[PDB]
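Presented as structure tokens, the chain that follows is alone, the form deposited in one PDB entry.
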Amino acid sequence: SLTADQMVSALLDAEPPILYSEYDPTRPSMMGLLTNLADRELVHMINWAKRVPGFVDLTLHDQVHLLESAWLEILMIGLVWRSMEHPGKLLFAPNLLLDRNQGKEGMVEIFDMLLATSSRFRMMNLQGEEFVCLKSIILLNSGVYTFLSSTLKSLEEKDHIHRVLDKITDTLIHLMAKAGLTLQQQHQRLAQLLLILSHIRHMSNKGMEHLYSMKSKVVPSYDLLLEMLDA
């Protein structure tokens, strides 16, 4: 029942904080810093996911499935968003801005992919309001095709998810109309934004490939995610 303006207000209000890397800056490695940062960001991501309109209407199992599918894409879109005003570098945290040379485990290709994404956001002059919409779309869409369930409940859950996704589409279009874009510019920009999400999916897949290769007891389990969502 939320208006487009109310949807934007809700998403802006739900935004998680920007966290810091944990290292003492007076002291003279990187994977441990990034892993600890991501570990702390995931806790705040669960809080954010619960404030995305329609997300807590789903079952806890479906909430876990969506977050299990989307968490690294959500970390990556956040990283790209905070790196937009840092050409050629990635702002993992305010105290951890790395260039491509510093990027050289698992980042041989991904670093450049992330840089290219932030470059594209810059080319498009992506707005904060648009960004939070995109991030919510990732949460709701990434796992919606892989519930592996044809129960009556699951059919209803998928319908709900797509209704909420439709509302966010309406909201994105509304933001563009507010800005004075023509109808043609509106549907072109909508398409351009959603097509970037495929690239973010690609980057997450490559990132998840590395995390699994580590064989470190480093990918959040279903049961960990379930514990956090119901806490």
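In this text, residue numbers run from 1 along the sequence as written.
We do not show the form solved in complex with a partner chain, though everything after this point is about it.
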- Query: Is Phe92 close enough to its partner chain in the bound PDB entry to count, meaning some heavy atom within 4.5 Å?
  - Reply: no
- Does any heavy atom of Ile46 come within 4.5 Å of a heavy atom of its partner chain in the bound PDB entry? yes
- Message: Does any part of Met30 reach within 4.5 Å of its partner chain in the bound PDB entry? Heavy atoms only, please.
- Response: no
- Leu34: touches its partner chain in the bound PDB entry, heavy atom cutoff 4.5 angstroms: no
